[PDB]
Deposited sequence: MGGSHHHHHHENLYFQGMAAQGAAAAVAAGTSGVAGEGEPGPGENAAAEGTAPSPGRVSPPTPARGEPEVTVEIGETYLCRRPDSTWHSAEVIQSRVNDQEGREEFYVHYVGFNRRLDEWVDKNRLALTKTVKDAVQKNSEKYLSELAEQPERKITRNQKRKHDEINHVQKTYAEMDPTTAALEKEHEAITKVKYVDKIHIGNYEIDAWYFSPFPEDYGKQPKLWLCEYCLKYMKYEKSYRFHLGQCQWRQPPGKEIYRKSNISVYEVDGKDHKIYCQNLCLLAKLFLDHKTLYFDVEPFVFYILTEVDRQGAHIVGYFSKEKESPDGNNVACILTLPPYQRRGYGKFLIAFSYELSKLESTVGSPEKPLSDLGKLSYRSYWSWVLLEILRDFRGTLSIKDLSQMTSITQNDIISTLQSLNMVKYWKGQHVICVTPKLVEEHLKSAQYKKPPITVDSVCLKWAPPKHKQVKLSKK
């Protein structure tokens, strides 16, 4: 038997995939998760007791972004082990290809929250290696199911490249991506590149956006704005073609002004 469903905050969510909740927890049909500290519990009674006792009303670590009622928390895997393990086991219920749950010390986690009077409610996250050999600016990324396809996915994608720009490096998500992941990255890449070309080599676009040359090429390929000549990719842009494509912005965007972060 695997964990079939979770209660988190006011949400009931059915599992998509196996998640190795350890020992007797992994043998429970339903797990009850504190929406703040992400502690996983076996029974409604232990959950209700924890609701009254737990003092956490936000993720741990540093609030590195705040605009209106959207905030992003930076949680270092080394300083907040239990929290980051809890998050990885939650994420694995809804990510097929995530493989790391417990060995979290090498990772930083960026928690997207929407805030009200009660506290900061987890919407989604992405994990990131502190040191990436392959130059991955995102390890795993997820919007929790009840929040999917409402702008939040593209927000965390945007946020990951805002970090990469401040690092003065190029980045690509660790593959494979989910079907949703693939569509959201493509949409984001397109929006960024179209908005620039509306107003420059492929290298220039890579330095401006922190998007890899390969990701830019595949995006310009999908837009039919690149040609191949004697073994070189050539940008073939037409202001009418660019304006026609734009004829969309995500509901919420990352404001660099509201990002308080240094490498």
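No C-alpha coordinates anywhere in a stretch? Then put that deposited-sequence range on the list, in order along the chain. Since the structure holds only modelled residues, the stretches it omits are 1-193, 393-396, 445-448, 465-475.
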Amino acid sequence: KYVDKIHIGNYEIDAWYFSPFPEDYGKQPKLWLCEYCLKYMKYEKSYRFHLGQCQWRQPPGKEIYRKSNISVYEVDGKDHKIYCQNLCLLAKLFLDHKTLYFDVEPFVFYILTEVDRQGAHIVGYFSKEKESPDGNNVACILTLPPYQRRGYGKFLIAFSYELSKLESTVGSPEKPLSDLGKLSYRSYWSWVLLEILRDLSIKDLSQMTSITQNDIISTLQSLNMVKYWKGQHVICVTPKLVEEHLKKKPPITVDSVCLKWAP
From here on, numbers count along this sequence of modelled residues.
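Taking the recorded C-alpha temperature factors, which stretch has the higher mean, 53-61 or 190-198? Of 190-198 and 53-61, the stretch with the higher C-alpha B-factor average is 190-198.
36-44 set against 208-216, stretch whose average Cα temperature factor tops the other in the entry: Result of the comparison: 208-216.
For the C-alpha B-factor as written in the entry, point me to the maximum among 114, 134, 96, 74. By C-alpha B-factor in the record, 134 ranks first.
Of the three thirds of its chain by CA temperature factor, lowest, middle or highest, which one includes residue 183? According to the entry, residue 183 has a C-alpha B-factor in the chain's middle third.
Which third of the chain does residue 164 land in by C-alpha B-factor: lowest, middle or highest? It falls in the middle third of the chain.
Lowest, middle or highest third: where is residue 121 by Cα B-factor in its chain? Tercile = lowest for this residue's CA B-factor.
Once the chain's modelled residues are ordered by C-alpha B factor and cut into thirds, is residue 177 in the lowest, middle or highest one? Middle third.
Taking the entry's C-alpha B-factors for this chain, is residue 146 in the lowest, middle or highest third? Lowest third of the chain for residue 146's C-alpha B-factor.
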